[PDB]
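Comments concern the structure below.
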Amino acid sequence: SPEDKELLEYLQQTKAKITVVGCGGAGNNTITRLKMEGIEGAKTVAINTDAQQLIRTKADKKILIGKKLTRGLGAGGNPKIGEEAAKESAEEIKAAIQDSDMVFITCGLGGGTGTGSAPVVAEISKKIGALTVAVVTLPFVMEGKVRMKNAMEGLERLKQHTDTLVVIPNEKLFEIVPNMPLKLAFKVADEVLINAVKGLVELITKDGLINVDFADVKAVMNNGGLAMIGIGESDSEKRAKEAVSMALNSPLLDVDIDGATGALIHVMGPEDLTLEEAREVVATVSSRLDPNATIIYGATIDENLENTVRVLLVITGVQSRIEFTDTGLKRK
Ligand SMILES: Nc1nc2c(ncn2[C@@H]2O[C@H](COP(=O)(O)OP(=O)(O)OP(=O)(O)O)[C@@H](O)[C@H]2O)c(=O)[nH]1
């Protein structure tokens with residue numbers, strides 16, 4: 001009906017449709033925490049090639065791709081199987097995000113499924129006009145040369161189908177956290193992924209002390225190119241003043257940012273989070289990027305955050321200072 005159709009539309013246009021998609025054991029592992037812990041204003045879809053894994057995964061919608069190829073046992077770190085498996089189910093996937101204004105594709109680069117599928121999804125995402133964003137991590141050195149090699153090649157493909165590509169050099173984590181088994185190191189990674197994907201999405205969908213227009217988010221990330229996360233947090237007197245400079249100095253931000261084209265700041269904190277602090281954070285990051293960089297900044301209150309202010313930094317437009325290498329990212 002015409003009268004209804006018009007009401008319907010008003011509804012849908014009231015807010016944006018965000019969809020977070022995680023591929024592979026890594027991606028699925030992230031999708032579950034977001035789902036359980038809850039992710040404001042975002043739909044969660046988890047696609048894997050391993051049925052057993054997809055089973056113990058929590059999400060709004062699950063999808064088993066590449067039925068033929070993989071007997072539901074995984075692509076065995078073979079990217080090609082992932083890419084093929086995806087396209088097979090390129091349809092049931094397109095329906096999973098069919099009406100999204102923005103779609104996030106997250107996973108852990110280096111394996112088969114993730115490295116493979118991640119880009120296929122990115123392409124499907126874009127064909128439907130959705131603002132496309134990926135948030136993937138690079139493999140640990142302990143993982144070997146072959147793993148990294150594939151990761152990088154996947155990271156390449158991904159770049160050709162994304163509006164703003166965010167990568168985390170899992171390796172740099174040891175420059176923060178101490179030495180530890182490849183098992184526990186993964187946990188550290190697990191955290192960071194959640195903080196980045198959640199922190200991003202929620203910078204758009206959660207109500208904070210500052211208005212964050214989707215029109216601006218869309219503008220700044222429509223050409224994000226390559227972007228790098230940066231995390232920090234303080235407890236002291238000048239927590240605001242610290243968390244910022246701590247995130248700005250996070251080894252995860254492996255690149256020079258003097259010529260930052262854009263940035264997405266999401267300052268989080270306790271009930272006593274003030275606009276000055278938020279202001280403080282933004283002011284700092286602002287004087288580091290291009291004097292004319294487009295900056296999107298929010299400031300919410302975290303349910304459980306006694307007296308700690310966490311800060312998420314996602315510097316976009318840094319592809320001009322990084323060089324893809326079969327062994328990883330080099331600071332060109
Ligand atoms: N944070 C996190 N990283 C992990 C974990 N397990 C694997 N990864 C990372 O993600 C990369 C690939 O993800 P996998 O979990 O192997 O998933 P997949 O590649 O989709 O699976 P296959 O194609 O069958 O090999 C690995 O090289 C690791 O970097 C985990 O549980 N947590």
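In the structure tokens, each chain is lettered A, B, ... as it comes, each chain's residues begin at 1, and ligands are numbered from 1 in order of appearance.
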
Q) Contacts of residue 247 (chain A) at 8 Å or less, counting only C-alpha atoms, minus same-chain residues fewer than 6 places along, as a list in words? A)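 Contacts, with the query itself left out: residues 230, 231, 232, 233, 311, 312 and 313 of chain A.
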
Q.
as number ranges by chain, please: every protein or nucleic acid residue near ligand 1 (cut-off 7 Å, counting only C-alpha atoms and all ligand atoms).
A. A: 23-26, 29, 48-50, 74-79, 82, 107-115, 137-140, 143, 147, 186-187, 189-190

Q) Given the choices A:330, A:239, A:161, A:33, which gets closest to residue 308 (chain A) if the distance is worked out from only C-alpha atoms? A)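 With only C-alpha atoms as the atom set, the closest residue is A:239.
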
Q: Do a neighbour search on residue 298 (chain A) at 7 Å with only C-alpha atoms, toss out local chain neighbours closer than 4 positions, and write the hits as a PyMOL selection string.
A: chain A and resi 203+208+210+212+265-267

Mind dumping the selected residues with N, CA, C and O atoms as a CSV table (one decimal), in the first residue's frame?
```csv
chain,number,residue,atom,x,y,z
A,203,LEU,N,30.3,3.4,17.9
A,203,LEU,CA,30.6,4.8,17.9
A,203,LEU,C,29.6,5.4,17.0
A,203,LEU,O,29.3,6.6,17.0
A,208,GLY,N,25.8,8.9,22.9
A,208,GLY,CA,26.8,9.5,23.8
A,208,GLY,C,26.6,11.0,24.0
A,208,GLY,O,25.6,11.5,23.7
A,210,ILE,N,28.0,13.2,22.6
A,210,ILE,CA,28.1,13.9,21.3
A,210,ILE,C,27.4,13.2,20.2
A,210,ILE,O,27.3,12.0,20.1
A,212,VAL,N,26.7,11.9,16.5
A,212,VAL,CA,27.6,11.3,15.5
A,212,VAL,C,26.6,11.0,14.3
A,212,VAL,O,25.8,10.1,14.4
A,265,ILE,N,37.5,8.6,16.3
A,265,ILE,CA,37.8,8.6,17.7
A,265,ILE,C,36.6,8.2,18.5
A,265,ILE,O,35.5,8.7,18.3
A,266,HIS,N,36.7,7.2,19.4
A,266,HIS,CA,35.6,6.8,20.2
A,266,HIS,C,36.1,6.7,21.7
A,266,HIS,O,36.7,5.8,22.1
A,267,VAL,N,35.8,7.8,22.4
A,267,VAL,CA,36.2,7.9,23.8
A,267,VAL,C,35.1,7.3,24.7
A,267,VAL,O,34.0,7.7,24.6
```

Q: Fewer than 4 positions away in the same chain doesn't count, so skip those; otherwise give me all residues within 9 Å of residue 131 (chain A), counting only C-alpha atoms, as JSON, numbers by chain.
A: {"A": [100, 101, 102, 103, 104, 125, 126, 162, 163, 164, 218, 221, 222]}

Q. So which residues touch residue 169 (chain A) within 12 Å, counting only C-alpha atoms, skipping near sequence neighbours fewer than 4 positions away, as a PyMOL selection string?
A. chain A and resi 108-110+135-141+148+151-152+155+173-175+189+192-193+227-230+250-255+327-330

Q | Distance query residue 258 (chain A) at most 12 Å, only C-alpha atoms, self and fewer than 3 positions along chain excluded, as a PyMOL selection string | A | chain A and resi 248+255+261-263+285-293+315-318+320-321

**Q.** Members of region 136-298 of chain A assigned strand (DSSP E or B) by DSSP, as number ranges by chain
**A.** A: 136-138, 164-169, 225-234, 262-269, 294-298

Next, the residues of the selection above should be written as an mmCIF file, in the first residue's frame with N, CA and C atoms.
```cif
data_model
loop_
_atom_site.group_PDB
_atom_site.id
_atom_site.type_symbol
_atom_site.label_atom_id
_atom_site.label_comp_id
_atom_site.auth_asym_id
_atom_site.auth_seq_id
_atom_site.Cartn_x
_atom_site.Cartn_y
_atom_site.Cartn_z
ATOM 1 N N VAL A 136 40.320 -6.804 9.870
ATOM 2 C CA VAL A 136 41.022 -8.078 9.983
ATOM 3 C C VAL A 136 42.377 -7.975 10.645
ATOM 4 N N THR A 137 42.847 -9.107 11.152
ATOM 5 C CA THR A 137 44.137 -9.172 11.838
ATOM 6 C C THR A 137 45.153 -9.992 11.059
ATOM 7 N N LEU A 138 46.425 -9.666 11.263
ATOM 8 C CA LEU A 138 47.514 -10.376 10.610
ATOM 9 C C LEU A 138 48.027 -11.437 11.590
ATOM 10 N N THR A 164 37.128 1.239 3.458
ATOM 11 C CA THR A 164 38.148 1.540 4.448
ATOM 12 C C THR A 164 38.532 0.217 5.095
ATOM 13 N N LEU A 165 39.788 -0.178 4.888
ATOM 14 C CA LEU A 165 40.346 -1.432 5.396
ATOM 15 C C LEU A 165 41.178 -1.220 6.654
ATOM 16 N N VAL A 166 40.777 -1.887 7.734
ATOM 17 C CA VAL A 166 41.448 -1.776 9.025
ATOM 18 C C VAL A 166 42.191 -3.077 9.329
ATOM 19 N N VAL A 167 43.503 -3.009 9.535
ATOM 20 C CA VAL A 167 44.259 -4.220 9.861
ATOM 21 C C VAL A 167 45.019 -4.121 11.155
ATOM 22 N N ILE A 168 45.033 -5.232 11.885
ATOM 23 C CA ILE A 168 45.756 -5.271 13.136
ATOM 24 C C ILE A 168 46.904 -6.254 12.999
ATOM 25 N N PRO A 169 48.137 -5.787 13.273
ATOM 26 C CA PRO A 169 49.347 -6.616 13.201
ATOM 27 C C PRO A 169 49.439 -7.389 14.521
ATOM 28 N N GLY A 225 40.413 3.977 2.801
ATOM 29 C CA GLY A 225 41.599 3.345 2.266
ATOM 30 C C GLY A 225 42.118 2.356 3.279
ATOM 31 N N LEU A 226 43.322 2.579 3.783
ATOM 32 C CA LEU A 226 43.895 1.681 4.773
ATOM 33 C C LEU A 226 43.820 2.436 6.079
ATOM 34 N N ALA A 227 43.432 1.737 7.139
ATOM 35 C CA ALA A 227 43.325 2.363 8.454
ATOM 36 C C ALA A 227 43.944 1.501 9.545
ATOM 37 N N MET A 228 44.464 2.144 10.583
ATOM 38 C CA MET A 228 45.058 1.393 11.671
ATOM 39 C C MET A 228 44.562 1.752 13.073
ATOM 40 N N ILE A 229 44.191 0.713 13.811
ATOM 41 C CA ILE A 229 43.684 0.811 15.168
ATOM 42 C C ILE A 229 44.769 1.307 16.109
ATOM 43 N N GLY A 230 44.348 1.816 17.259
ATOM 44 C CA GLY A 230 45.260 2.326 18.270
ATOM 45 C C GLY A 230 44.453 2.367 19.551
ATOM 46 N N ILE A 231 44.874 1.609 20.556
ATOM 47 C CA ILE A 231 44.126 1.554 21.803
ATOM 48 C C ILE A 231 44.849 2.080 23.029
ATOM 49 N N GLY A 232 44.091 2.691 23.932
ATOM 50 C CA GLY A 232 44.671 3.225 25.151
ATOM 51 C C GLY A 232 43.634 3.329 26.250
ATOM 52 N N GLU A 233 44.085 3.563 27.479
ATOM 53 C CA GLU A 233 43.182 3.702 28.624
ATOM 54 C C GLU A 233 43.922 4.074 29.906
ATOM 55 N N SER A 234 43.328 4.966 30.692
ATOM 56 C CA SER A 234 43.963 5.405 31.924
ATOM 57 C C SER A 234 43.043 5.309 33.125
ATOM 58 N N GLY A 262 42.110 11.067 7.549
ATOM 59 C CA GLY A 262 40.907 10.981 8.360
ATOM 60 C C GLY A 262 41.109 10.247 9.675
ATOM 61 N N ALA A 263 40.091 10.252 10.527
ATOM 62 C CA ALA A 263 40.184 9.572 11.815
ATOM 63 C C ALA A 263 38.825 9.369 12.472
ATOM 64 N N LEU A 264 38.727 8.292 13.246
ATOM 65 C CA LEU A 264 37.518 7.936 13.973
ATOM 66 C C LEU A 264 37.930 7.706 15.420
ATOM 67 N N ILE A 265 37.539 8.630 16.290
ATOM 68 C CA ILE A 265 37.843 8.561 17.722
ATOM 69 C C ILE A 265 36.593 8.174 18.514
ATOM 70 N N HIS A 266 36.727 7.217 19.418
ATOM 71 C CA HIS A 266 35.587 6.827 20.236
ATOM 72 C C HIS A 266 36.067 6.746 21.666
ATOM 73 N N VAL A 267 35.819 7.814 22.414
ATOM 74 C CA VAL A 267 36.223 7.876 23.807
ATOM 75 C C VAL A 267 35.107 7.294 24.674
ATOM 76 N N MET A 268 35.454 6.292 25.475
ATOM 77 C CA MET A 268 34.491 5.637 26.346
ATOM 78 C C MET A 268 34.920 5.827 27.791
ATOM 79 N N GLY A 269 33.964 5.752 28.712
ATOM 80 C CA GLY A 269 34.294 5.923 30.117
ATOM 81 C C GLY A 269 33.143 5.747 31.095
ATOM 82 N N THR A 294 39.380 14.928 8.103
ATOM 83 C CA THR A 294 37.991 14.819 8.524
ATOM 84 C C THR A 294 37.940 13.861 9.713
ATOM 85 N N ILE A 295 37.520 14.361 10.868
ATOM 86 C CA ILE A 295 37.475 13.530 12.064
ATOM 87 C C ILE A 295 36.079 13.298 12.640
ATOM 88 N N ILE A 296 35.710 12.026 12.798
ATOM 89 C CA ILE A 296 34.420 11.627 13.379
ATOM 90 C C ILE A 296 34.733 11.224 14.821
ATOM 91 N N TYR A 297 34.109 11.865 15.804
ATOM 92 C CA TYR A 297 34.382 11.529 17.208
ATOM 93 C C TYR A 297 33.145 11.395 18.093
ATOM 94 N N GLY A 298 33.090 10.319 18.878
ATOM 95 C CA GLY A 298 31.971 10.096 19.783
ATOM 96 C C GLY A 298 32.432 9.944 21.228
#
```

(Q) Set the distance at 10 Å and use only C-alpha atoms: which residues neighbour residue 86 (chain A) once local chain neighbours fewer than 3 positions away are removed? I'd like the list as number ranges by chain. (A) A: 23, 47-49, 64-67, 80-83, 89-93, 113-114, 116-121

Can you write out the residues you just picked, keeping N, CA and C atoms, as a short mmCIF file (atom, residue, chain, number, x, y, z; two decimals), in the first residue's frame?
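Written output follows (out05.cif):
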```
data_model
loop_
_atom_site.label_atom_id
_atom_site.label_comp_id
_atom_site.auth_asym_id
_atom_site.auth_seq_id
_atom_site.Cartn_x
_atom_site.Cartn_y
_atom_site.Cartn_z
N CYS A 23 34.11 -14.08 9.25
CA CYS A 23 34.41 -15.30 8.49
C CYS A 23 35.50 -16.13 9.17
N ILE A 47 29.82 -16.71 9.04
CA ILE A 47 29.97 -17.69 7.98
C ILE A 47 31.32 -18.41 8.16
N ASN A 48 31.28 -19.73 8.02
CA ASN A 48 32.47 -20.56 8.19
C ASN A 48 32.36 -21.73 7.21
N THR A 49 33.44 -22.48 7.06
CA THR A 49 33.44 -23.62 6.15
C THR A 49 33.47 -24.89 6.99
N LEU A 64 26.81 -21.92 6.33
CA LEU A 64 27.84 -22.92 6.03
C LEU A 64 28.09 -22.84 4.52
N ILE A 65 29.21 -22.22 4.14
CA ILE A 65 29.59 -22.04 2.74
C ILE A 65 30.52 -23.14 2.21
N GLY A 66 30.53 -23.33 0.89
CA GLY A 66 31.37 -24.35 0.29
C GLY A 66 31.06 -25.76 0.74
N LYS A 67 29.78 -26.14 0.71
CA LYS A 67 29.34 -27.48 1.11
C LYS A 67 30.11 -28.56 0.35
N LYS A 80 42.31 -20.46 -1.44
CA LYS A 80 41.55 -20.76 -2.64
C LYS A 80 40.25 -21.50 -2.30
N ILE A 81 40.31 -22.46 -1.37
CA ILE A 81 39.09 -23.18 -1.01
C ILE A 81 38.08 -22.24 -0.38
N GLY A 82 38.58 -21.28 0.39
CA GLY A 82 37.72 -20.31 1.03
C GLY A 82 37.00 -19.47 -0.01
N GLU A 83 37.77 -18.83 -0.88
CA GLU A 83 37.23 -18.01 -1.95
C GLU A 83 36.20 -18.77 -2.80
N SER A 89 28.20 -20.13 -2.32
CA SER A 89 27.10 -19.60 -1.54
C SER A 89 27.09 -18.08 -1.63
N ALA A 90 27.53 -17.53 -2.76
CA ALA A 90 27.56 -16.08 -2.92
C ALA A 90 26.16 -15.50 -2.86
N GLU A 91 25.17 -16.37 -3.04
CA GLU A 91 23.77 -15.97 -3.02
C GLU A 91 23.21 -15.88 -1.60
N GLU A 92 23.19 -17.00 -0.88
CA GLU A 92 22.66 -16.99 0.48
C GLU A 92 23.38 -15.97 1.35
N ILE A 93 24.51 -15.47 0.87
CA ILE A 93 25.29 -14.47 1.59
C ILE A 93 24.75 -13.07 1.28
N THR A 113 39.54 -20.31 4.93
CA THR A 113 38.20 -19.76 4.89
C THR A 113 38.20 -18.23 4.96
N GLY A 114 38.70 -17.69 6.07
CA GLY A 114 38.72 -16.25 6.24
C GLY A 114 39.39 -15.49 5.11
N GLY A 116 40.10 -16.38 2.29
CA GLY A 116 39.39 -16.59 1.05
C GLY A 116 38.09 -15.82 0.93
N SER A 117 37.15 -16.14 1.81
CA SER A 117 35.82 -15.52 1.83
C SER A 117 35.76 -14.02 2.08
N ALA A 118 36.47 -13.55 3.10
CA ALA A 118 36.44 -12.14 3.43
C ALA A 118 36.31 -11.20 2.22
N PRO A 119 37.13 -11.40 1.19
CA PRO A 119 37.02 -10.52 0.03
C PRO A 119 35.76 -10.74 -0.81
N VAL A 120 35.31 -11.98 -0.92
CA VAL A 120 34.11 -12.25 -1.69
C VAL A 120 32.94 -11.49 -1.06
N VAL A 121 32.84 -11.59 0.26
CA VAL A 121 31.80 -10.89 0.99
C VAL A 121 31.93 -9.40 0.75
#
```

Q: Looking only at helix (DSSP H, G or I) from DSSP on the backbone, list the matching residues of region 236-295 of chain A as a list in words.
A: residues 239, 240, 241, 242, 243, 244, 245, 246, 247, 275, 276, 277, 278, 279, 280, 281, 282, 283, 284, 285 and 286 of chain A

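Counting only C-alpha atoms and comparing A:132, A:13, A:30, A:150, the residue that lies closest to residue 326 (chain A) is A:150.
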
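Picture a line from CA of residue 122 (chain A) to CA of residue 12 (chain A); it runs 23.1 Å.
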